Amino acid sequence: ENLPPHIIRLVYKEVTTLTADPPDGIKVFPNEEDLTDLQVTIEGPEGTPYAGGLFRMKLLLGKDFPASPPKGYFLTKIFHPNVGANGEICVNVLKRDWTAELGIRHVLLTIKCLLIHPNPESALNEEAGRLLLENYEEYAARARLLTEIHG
């Protein structure tokens, strides 16, 4: 398409490998019609305020993938410093150490890991970031309540 044939091949193969052998806690649900839009679920890790939740999310392979990371959104509502009001996952965090040799597997691991260790210094959710830093117990409680409803 607007993606080079070698990127198409590499994406399709990497998505197949993710269907068969995903990171623990992660499942992928490829769309046969749009290679560029990938639905994913991530289990809220134990030992975090997201424990027990199943978080639906999607990746959109934009203009400049793999020069830039895919765009990520949580579809499951969440109270997390790095997730904005439309469910967008902070681009600046996803871009840390990004190079074009990275792919979908790294993006999904980075998101899963972000549930365990948020980065409130790059807060899209200003209140989440503030509470995490100033009153963690209240951050955790808000996040646990939302996880009970939405996860």
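In this text, residue numbers run from 1 along the sequence as written.
Chemist: Taking the mean of the C-alpha B-factors per stretch from the entry, tell me the winner out of 111-119 and 29-37.
Modeler: The stretch with the larger mean CA B-factor is 29-37.
Chemist: Averaging only over Cα atoms, indicate whether 63-71 or 120-128 has the higher B-factor in the PDB entry.
Modeler: Taking the mean C-alpha B-factor of 63-71 and of 120-128, the larger value falls to 63-71.
Chemist: Tell me, lowest, middle or highest third: where does the Cα B factor of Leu54 rank within its chain?
Modeler: Its C-alpha B-factor belongs to the lowest third of this chain's values.
Chemist: Sort the modelled residues of this chain by their C-alpha B factor and say whether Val83 lands in the lowest, middle or highest third.
Modeler: Within its chain, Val83 is a lowest-third residue by C-alpha B-factor, going by the deposited values.
Chemist: Lowest, middle or highest third: where is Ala100 by C-alpha B factor in its chain?
Modeler: It falls in the top third of the chain.
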